[PDB]
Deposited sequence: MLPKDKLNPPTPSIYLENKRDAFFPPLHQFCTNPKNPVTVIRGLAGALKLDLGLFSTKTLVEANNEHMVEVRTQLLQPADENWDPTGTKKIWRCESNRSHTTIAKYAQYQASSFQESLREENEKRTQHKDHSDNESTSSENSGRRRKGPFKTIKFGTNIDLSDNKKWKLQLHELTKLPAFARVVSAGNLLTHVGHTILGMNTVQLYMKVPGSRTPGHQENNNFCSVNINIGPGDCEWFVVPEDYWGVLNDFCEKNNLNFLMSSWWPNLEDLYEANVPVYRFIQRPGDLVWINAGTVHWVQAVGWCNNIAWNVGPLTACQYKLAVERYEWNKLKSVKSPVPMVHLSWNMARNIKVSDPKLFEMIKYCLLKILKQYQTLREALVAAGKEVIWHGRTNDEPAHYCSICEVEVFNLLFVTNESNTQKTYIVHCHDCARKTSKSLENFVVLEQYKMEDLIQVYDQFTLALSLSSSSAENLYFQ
């Protein structure tokens, strides 16, 4: 079917006017567009991509850590089992660490070596992919991060309309920038973004990347495929067989990202990517204030619990911050947030009264300014307001957080734990009561 190889939603920018034109923002965040490729973005804004060249990076922070993925150089769009007998979903991808200086050396000699060969089923060559380079430190990366403030607001790392800005604390690689250093064949295997948040990716060049994209509403189909190939959709490295997806009638968007092109991945869009040439990429996440984004984010948050996977975005904490600090005028988005908060409030009230009825002291603990959300030290679920801390950890003021279930499993009557409360119930009830639909004519 021709509908199984759809055209890429693509926008061609010439100048700053095109980049700041409001319909660009609305096109990207439109749920009907699973991905938007903003071509010519860097040139349109006169972004200095040279600030992210490998030469520039070595000079700035040569001992900076790089996560290496050692992979096989696979042909085109395929993934073969090590023997070259059949195409499979499972990806070989071993992890190690290096530095920018050391990876840069490899990146350069890799190119020099291919130049020489050019002038001279498997088996497959091994390559190294430099991933997840952390560009959060504004002191180490001052000029780099300043250049990215030249983007239109909706695509920035930080903006008033970015849900991740409203989290109130750092979520590494989501509201901070990640850098990738690549050689041909460097693969980012299949995935959805952390808690289905949108993502921004800019190719630094000089080489191209090739992207494969599947709309959000087909993700269950890909989840089935993983389970049938004994793979964990969320935690395994997998590279879809295109002939399998075609067979199962899954449409696949396919395109080339050139240097300076910005790729916007909409919420929950499934995708995998490979370098065609030698290049660097930068990326981060963004959370538009839309019903679709909030809905998919909450869904994945709950799915992660069932799968025993930690949510990088603390959706309970975020939901309270939205109610505290954001005027919400979309009736659909408002009703979702209101609903979630009511769930949180009722569960908290239920737990709190069960504790008080069993004669357990709830200790007023309050909270520090700009203090991050808490997760259970055992099971890594988000824990909100009522924190379960051992008598000893309390005494030592290390305040090591457990959820209620994990505390109970350890200590049947919670005799080994104190219950800390970070918010008065009156304060949360008030925040909820005062959270009402704002009027907007837009």
**Complete:** No C-alpha coords for deposited residues 1-3, 124-146, 469-478
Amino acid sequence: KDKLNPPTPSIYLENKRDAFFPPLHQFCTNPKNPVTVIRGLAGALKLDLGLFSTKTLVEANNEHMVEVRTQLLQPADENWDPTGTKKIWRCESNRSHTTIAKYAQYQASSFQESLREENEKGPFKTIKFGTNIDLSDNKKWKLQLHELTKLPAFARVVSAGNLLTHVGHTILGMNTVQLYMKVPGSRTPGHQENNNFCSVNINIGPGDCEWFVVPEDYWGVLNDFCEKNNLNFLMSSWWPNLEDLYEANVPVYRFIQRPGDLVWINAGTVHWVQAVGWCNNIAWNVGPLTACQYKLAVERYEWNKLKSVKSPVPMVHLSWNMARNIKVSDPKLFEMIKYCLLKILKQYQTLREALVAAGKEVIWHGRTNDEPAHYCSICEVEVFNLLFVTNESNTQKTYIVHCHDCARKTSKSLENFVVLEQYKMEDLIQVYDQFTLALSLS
From here on, numbers count along this sequence of modelled residues.
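Take the two forms, superpose them, and find the largest set of C-alpha atoms that agree within 1.5 Å; that set is the rigid core.
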**Message:** Superpose by the rigid core and compare 135-143 with 364-372; which one moves more, by C-alpha RMS, in 8 other deposited structures of this protein?
**Reply:** 364-372
**Prompt:** Mean CA B-factor: is it higher for 325-333 or for 126-134?
**Reply:** 325-333
**Message:** Going by the mean C-alpha B-factor recorded in the entry, which is higher: 393-401 or 34-42?
**Reply:** 393-401
**Prompt:** Can you tell me which of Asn249, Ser199, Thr98, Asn194 has the highest Cα temperature factor in the record?
**Reply:** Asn249
**Which of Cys340, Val270, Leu245, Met174 ranks first by CA B-factor in the deposited coordinates** = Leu245
**Fill in**
Among the modelled residues of its chain, the C-alpha B-factor of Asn94 falls in the third labelled highest
**Request:** Pull the Cα B-factor of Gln144 out of the PDB entry and bin it into the chain's lowest, middle or highest third.
**Result:** middle
**Message:** Please say which third, lowest, middle or highest, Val68 falls into when its CA temperature factor is compared across its chain.
**Reply:** lowest
**Prompt:** Going by the entry, which third of its chain does the Cα temperature factor of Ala297 land in?
**Reply:** lowest
**Request:** Could you look up the Cα B-factor of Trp320 in the entry and say which third of the chain it sits in: lowest, middle or highest?
**Result:** middle
